[PDB]
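Comments concern the structure below.
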There are 2 protein chains.
Amino acid sequence: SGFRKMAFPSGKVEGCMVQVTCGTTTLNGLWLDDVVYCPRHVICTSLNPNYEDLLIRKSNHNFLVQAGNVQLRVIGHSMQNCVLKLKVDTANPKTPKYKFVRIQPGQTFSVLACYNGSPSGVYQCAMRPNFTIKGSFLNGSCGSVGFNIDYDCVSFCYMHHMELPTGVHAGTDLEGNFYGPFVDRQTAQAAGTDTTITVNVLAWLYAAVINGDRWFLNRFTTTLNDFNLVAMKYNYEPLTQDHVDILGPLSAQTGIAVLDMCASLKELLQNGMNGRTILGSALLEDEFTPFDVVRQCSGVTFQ
Amino acid sequence: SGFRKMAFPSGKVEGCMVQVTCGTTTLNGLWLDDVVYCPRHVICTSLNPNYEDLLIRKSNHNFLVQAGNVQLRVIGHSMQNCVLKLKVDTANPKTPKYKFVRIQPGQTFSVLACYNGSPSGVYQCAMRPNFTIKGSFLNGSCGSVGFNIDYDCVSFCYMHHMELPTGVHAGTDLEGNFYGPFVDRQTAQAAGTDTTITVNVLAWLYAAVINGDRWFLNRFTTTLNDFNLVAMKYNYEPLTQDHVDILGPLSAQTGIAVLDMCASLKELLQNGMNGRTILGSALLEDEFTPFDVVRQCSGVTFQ
Ligand SMILES: *[C@H](O)[C@H](C[C@@H]1CCNC1=O)NC(=O)[C@@H]1CC2(CCCCC2)CN1C(=O)OCc1ccccc1
Ligand SMILES: *[C@H](O)[C@H](C[C@@H]1CCNC1=O)NC(=O)[C@@H]1CC2(CCCCC2)CN1C(=O)OCc1ccccc1
């Protein structure tokens with residue numbers, strides 16, 4: 001037992017990380033087969049930057065790619081949306097099985113924070129409803145990726161591009177398409193209002209019950225409509241029948257009907273926690289999906 | 001910016017993980033050069049188990065070691081305290097530079113949770129003052145290790161052995177010596193009373209200030225003695241002058257004297273948080289060391 005914010009093992013991704021330098025700008029690239037993927041704002045020059053203009057003015061040799069202490073020769077470049085694709089003369093021998101997938105708000109992933117092509121740390125993140133992520137990123141971390149692992153296959157979902165004024169983070173999928181209404185220029189962009197991921201809170205309440213926290217349970221129940229009236233009032237997003245269905249296995253393992261857990265969440269929203277904690281938190285946690293809870297409270301590995 | 005519970009990249013450790021089977025018992029082993037390290041309670045037989053007796057009754061071939069889908073031939077075995085050392089005929093070609101270090105309560109490390117020799121997840125843990133760790137471990141996770149990384153060198157500090165009745169976890173250093181007053185038998189052992197790691201709370205308050213949370217600051221100050229009178233009352237462990245010294249760099253970066261931050265912690269203990277949060281937590285967090293804060297709020301990598 002126990003319940004922790006758990007990231008996927010990062011080794012498969014560590015072997016893909018490289019350093020991309022243009023002029024005085026250095027960030028991280030993702031090296032899969034003979035292509036290095038990186039944010040297009042690495043494109044250097046001596047807001048209003050036209051990246052097509054900037055790139056046509058560039059040569060292959062303007063991009064220095066370092067894989068550890070080995071320099072990768074760039075033989076081609078192209079732009080795909082907000083990412084650069086640097087064709088290199090060497091296929092990465094550590095390329096894992098992978099996919100480029102775009103995730104939904106509410107979904108979680110692991111981030112391998114990197115600087116100068118060197119992995120620094122790994123942590124778990126959720127895509128917020130407003131398409132930001134509450135990450136930990138400093139100068140030079142751009143090009144770090146987010147991912148999930150499913151047996152032996154790495155599903156890359158996120159590449160880091162920028163920080164917004166509230167200290168949250170914005171980026172693209174691996175085809176270069178931004179999550180949310182953000183652009184890779186310097187403007188007055190701001191996150192926009194967020195909501196709490198209701199189905200995830202319920203999943204985490206089920207994790208708590210699995211782990212012996214039961215004090216928040218009650219004998220009351222509620223209808224889905226009646227619950228969603230309360231969710232709206234506390235800035236929780238609506239719960240759908242599909243969310244209820246997704247919570248079925250957790251309901252069945254604990255013997256607590258989904259709508260009964262909703263009754264508990266309702267009382268937690270209306271009353272607070274009265275000095276108590278759930279799974280070591282004094283807040284309702286919304287960054288664990290039902291899959292995350294099942295994975296951890298049952299123990300799936302990856303190879 | 002941002003602040004997250006960050007683990008070290010796990011790739012160097014993933015390449016050391018193997019599966020050790022004796023009879024019907026399967027757990028994880030750590031394969032470094034030509035030795036596999038694993039908890040001695042894997043020693044199988046068909047509480048009061050005398051492990052010396054059990055081991056002398058065993059043969060090399062009684063231990064099945066699987067490195068992925070490759071079987072490792074055991075050529076020797078020995079007991080060192082509470083760990084088994086299985087000598088195998090093949091040196092692990094992925095052996096990183098490493099050390100076996102024993103950590104202090106208050107210190108943090110990353111855990112690579114493993115099942116059947118296959119890594120499942122990675123998360124950050126602290127050694128509690130009572131020598132337990134609040135982990136996430138299911139059946140089969142024994143032999144998973146905790147570690148820190150310092151440039152290219154892996155400092156192994158923890159190997160997992162058991163769960164205590166409160167759902168917390170106990171284990172050994174890599175020389176087989178238990179952390180805390182626990183034994184690898186089935187008895188009525190229990191964790192024993194814990195305290196909050198004061199110096200770490202202060203480090204995390206400094207992380208908050210670095211990240212823009214300032215509402216808990218105040219103009220008051222306190223003496224070290226006066227602060228420690230309040231710490232005792234709230235089950236915080238005493239703050240020493242060396243803790244104050246260790247917090248110096250964080251003090252200097254923020255311009256907030258250590259004893260001034262103590263005044264803030266004092267008011268937080270006496271008043272609670274009044275519906276506010278710090279770094280996304282409604283509790284005072286004590287599982288980040290001053291080193292962890294500096295590492296994350298400055299960005300050290302590892303290669
Ligand atoms: C890439 O390494 C870097 C990552 C930032 C630094 C601080 N936290 C992060 O996540 N990304 C940037 O600096 C991007 C690049 C930018 C200029 C070029 C076009 C796109 C946008 C500016 N930018 C950015 O994040 O600006 C906000 C910011 C916040 C704090 C510190 C520095 C910059
Ligand atoms: C090793 O994989 C396993 C890890 C446990 C299972 C549940 N959570 C964990 O961290 N360790 C054990 O099962 C140890 C072995 C034990 C018997 C042999 C001598 C030493 C102690 C019993 N034990 C244990 O953890 O018992 C408590 C427990 C708690 C919950 C479920 C099962 C067992």
Side-chain angles (χ1 to χ4, degrees), chain A residues 3 5-6 101-109 124-134 148 157 168 179-181 191-274 276-298, chain B residues 275 277 280 282:
Chain A
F3 203 77
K5 220 148 209 272
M6 202 157 302
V101 310
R102 190 181 172 94
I103 58 167
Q104 290 290 319
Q107 286 200 270
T108 54
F109 53 101
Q124 192 79 345
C125 271
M127 201 29 76
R128 300 305 311 173
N130 64 4
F131 288 102
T132 64
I133 72 165
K134 289 159 181 301
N148 286 284
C157 56
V168 302
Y179 287 101
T193 72
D194 211 13
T195 50
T196 299
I197 310 152
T198 307
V199 61
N200 285 4
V201 175
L202 293 168
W204 170 82
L205 288 179
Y206 278 111
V209 173
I210 291 165
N211 277 84
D213 281 332
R214 309 181 54 90
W215 62 260
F216 50 85
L217 296 179
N218 53 59
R219 79 188 281 180
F220 332 110
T221 197
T222 190
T223 71
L224 189 51
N225 297 343
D226 278 319
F227 174 77
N228 277 319
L229 286 187
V230 175
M232 197 136 33
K233 156 173 181 43
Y234 289 87
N235 201 25
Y236 271 50
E237 70 191 351
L239 201 71
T240 68
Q241 188 57 42
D242 189 57
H243 294 146
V244 169
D245 295 342
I246 288 156
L247 292 169
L250 284 179
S251 192
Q253 187 195 340
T254 56
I256 293 160
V258 171
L259 289 303
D260 288 4
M261 192 62 87
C262 291
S264 290
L265 182 47
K266 171 174 38 143
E267 296 296 317
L268 284 169
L269 290 171
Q270 281 156 358
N271 297 328
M273 274 183 29
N274 200 357
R276 277 161 308 181
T277 61
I278 304 183
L279 285 173
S281 179
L283 283 181
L284 304 172
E285 299 289 346
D286 79 341
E287 285 221 346
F288 296 101
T289 66
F291 158 103
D292 295 342
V293 172
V294 172
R295 151 169 83 121
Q296 196 169 155
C297 303
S298 163
Chain B
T277 61

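Heavy atoms only: backbone and side chains are in, while hydrogens, waters and symmetry mates are out. Here is how names work: the chains are called A, B, and so on, in the same order as the sequence lines, proteins then strands, and each is numbered from 1.
- Here the closest non-hydrogen pair linking A/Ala191 and A/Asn130 is CB-ND2, 3.7 Å.
- For the pair A/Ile197 and A/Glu237, the minimum side-chain heavy-atom distance is below 4.5 Å.
- From A/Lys266, atom NZ reaches atom OG1 of A/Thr222 across 4.0 Å, with rounding to the nearest 0.5 Å.
- Salt-bridge formation is detected for the pair A/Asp286/A/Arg128: a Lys NZ or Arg NE/NH1/NH2 atom is positioned less than 4.0 Å from an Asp or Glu carboxylate oxygen.
- Here CZ of A/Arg214 is found 12.5 Å from CG of A/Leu205. Values are rounded to the nearest 0.5 Å.
- Put simply, CE on A/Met261 and CG on A/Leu202 are 7.5 Å apart, with the number rounded to the nearest 0.5 Å.
- A 4.5 Å side-chain heavy-atom check between A/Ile246 and A/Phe291 finds every atom pair outside the cut-off.
- Contact of the A/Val258 side chain with the A/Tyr206 side chain is registered, since non-hydrogen atoms from C-beta on lie closer than 4.5 Å.
- For CG of A/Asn274, the number of neighbouring non-hydrogen atoms (other residues, nucleotides, ligands) closer than 6.0 Å is 12 at most.
- Contact between A/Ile103 and A/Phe109 at its shortest, heavy atoms only, is CD1-CD2, 3.3 Å.
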Stepwise side chain to side chain donor-acceptor pair (under 3.5 Å) check, A/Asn225 with A/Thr223: CA-CA 5 Å; A/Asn225 297 343; A/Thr223 71; 5.4 Å; no

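- Nearest approach of A/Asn200 to A/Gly106, heavy atoms of both residues: ND2-O, 2.9 Å.
- Taking CD from A/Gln107 and SG from A/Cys157, the interatomic distance works out to 8.0 Å, rounded to the nearest 0.5 Å.
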Verdict with supporting geometry, A/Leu268 and A/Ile278, side chain to side chain contact (heavy atoms under 4.5 Å, CB included): CA-CA 11 Å; A/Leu268 284 169; A/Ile278 304 183; 4.2 Å; yes

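- Under the 3.5 Å distance criterion, with hydrogens and angles disregarded, no donor-acceptor pair is assigned to the side chains of A/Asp242 and A/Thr240.
- For the pair A/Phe131/A/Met127, a side-chain contact is recorded, criterion being any heavy-atom separation below 4.5 Å from C-beta on.
- Side-chain contact, A/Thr221 with A/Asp260: a donor N or O sits under 3.5 Å from an acceptor N or O.
- Nearest approach of A/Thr289 to A/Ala203, heavy atoms of both residues: C-CB, 3.9 Å.
- Smallest separation of non-hydrogen atoms from A/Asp292 and A/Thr108: OD2-OG1, 2.7 Å.
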A/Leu284/A/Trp204 under side chain to side chain contact (heavy atoms under 4.5 Å, CB included): CA gap, chis, key distance, verdict: CA-CA 8 Å; A/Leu284 304 172; A/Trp204 170 82; 3.7 Å; yes

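- Between the side chain of A/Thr277 and the backbone N or O of A/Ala282 there is no donor-acceptor pair closer than 3.5 Å.
- Under the 4.5 Å side-chain criterion, counting only non-hydrogen atoms from C-beta, A/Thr198 is in contact with A/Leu265.
- Here CD of A/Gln124 is found 8.0 Å from CZ of A/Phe288. Values are rounded to the nearest 0.5 Å.
- Annotation: the span from A/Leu269 atom CG to A/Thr196 atom OG1 amounts to 8.5 Å, rounded to 0.5 Å.
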Stepwise side chain to side chain contact (heavy atoms under 4.5 Å, CB included) test for A/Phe3 and A/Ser281: CA-CA 11 Å; A/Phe3 203 77; A/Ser281 179; over 6 Å; no

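- A donor-acceptor pair is defined here as one N or O able to donate and one able to accept, closer than 3.5 Å; such a pair exists between the side chain of A/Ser251 and the backbone of A/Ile256.
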Side chain to side chain contact (heavy atoms under 4.5 Å, CB included) evaluation trace for A/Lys233 with A/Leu229: CA-CA 7 Å; A/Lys233 156 173 181 43; A/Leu229 286 187; over 6 Å; no

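- Side-chain atoms of A/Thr254 come within 3.5 Å of backbone atoms of A/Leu250 as a donor-acceptor pair (strictly under, hydrogens ignored).
- Scanning all heavy atoms of the two residues, the minimum distance from A/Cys125 to A/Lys134 falls at SG-O, 3.9 Å.
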